[PDB]
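Quick heads-up: it's one chain on its own, the form deposited in one PDB entry, in structure tokens.
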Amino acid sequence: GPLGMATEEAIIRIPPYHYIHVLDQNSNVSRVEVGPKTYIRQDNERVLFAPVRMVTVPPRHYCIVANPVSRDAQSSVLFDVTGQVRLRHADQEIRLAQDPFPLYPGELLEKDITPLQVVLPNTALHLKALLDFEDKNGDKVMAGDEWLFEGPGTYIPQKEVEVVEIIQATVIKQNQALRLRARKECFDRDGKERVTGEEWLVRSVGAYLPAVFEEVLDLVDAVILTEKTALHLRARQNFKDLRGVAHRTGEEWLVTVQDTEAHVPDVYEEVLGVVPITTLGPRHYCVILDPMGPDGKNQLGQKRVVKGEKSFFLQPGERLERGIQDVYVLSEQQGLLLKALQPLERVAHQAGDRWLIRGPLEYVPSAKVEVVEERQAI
């Protein structure tokens, strides 16, 4: 517990770095008496308390004093016409490392000795304006405003500003990108305009310290492409990709390893899958159903014959009619009865004409012809 010291003494010895308050019962002027001194009380006087330690604020620490004393240009305490030390009632004052000081009548220690907040590199304090004030540049700050104190540094606490959170940076590895969403309207890290709720990717490798209105969402891994795989994407809206090619909402395309070995799907690219390479050997062929033309549009109803030792990826909307078909290997005794489905080795044929072909021949049918029969022992 420790009992309360006596105040009604003829003598009070005030040691170094201690103080008492004495009330003058005439005039009612309450004042501080500071050590070291042997204070002798007078008839009119009344000691408000026995000696208490002065507040000592050490280096790199602070405290907050409520109802702090008003001071003149030269930092001397100001008094009323009555002689009472005049205070700035109801506001606060941050006190940094300093000569041990007493508390004058009325003023009180609103926050005891606290270390100053050290902000490390790649970290930042998220600071909020509690009310209106002019900062050290002379810029008018408004209540509710938000900004960052980026380290390294030692943040001096401000009565007008609260620390909402310490912000740590997010690390982005080689084949990664960080997805962000704008809390409010703001400018990008690259300087690009961003509306509220809009999302974009940060591709910069390393530690990324986000801006005050950048909401950090998720890291996105790149899809690692190979010789035998392709990434099948779809545009969520109109956008120009990282390579600089225009994509319109709903359009689909393939990213190969020729474009990039690692592709991070951007915010407006929807991944539909990874396409395996169609590998056709020397005696293999296939028929692409609804092949994609030069315009980048599926030719609904058309067919394309692909043959020989060739490899390719099926484009969006393409199909194989009958998979990797074996090429017809016709020996001498073998033969094929063909038919034209439309006009046309050999001479030109008409609509539904039919003719025979013998071996030795390595044969793949045209898109316009069909194999009607496979005769043998001719």
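Throughout, rigid core stands for the largest set of C-alpha atoms superposing within 1.5 Å between the two forms. Numbers for residues come from their place in the sequence shown, where the first is 1.
Same protein, other form: the form deposited in another entry, not shown, and the subject of what follows.
Core-fitted Cα difference of 2 Å or more between this form and the one not shown, single residue among 184, 297, 283, 234: Correct option: 184.
Is the C-alpha displacement of residue 193 equal to or greater than 2 Å between this form and the one not shown once the rigid core has been superposed? Yes, the C-alpha position differs by at least 2 Å between this form and the one not shown.
Flag for residue 129, CA shift 2 Å or larger between this form and the one not shown after aligning core: Yes.
Would you say residue 273 moves between this form and the one not shown, meaning its CA shifts by 2 Å or more once the core is fitted? No, residue 273 moves less than 2 Å.
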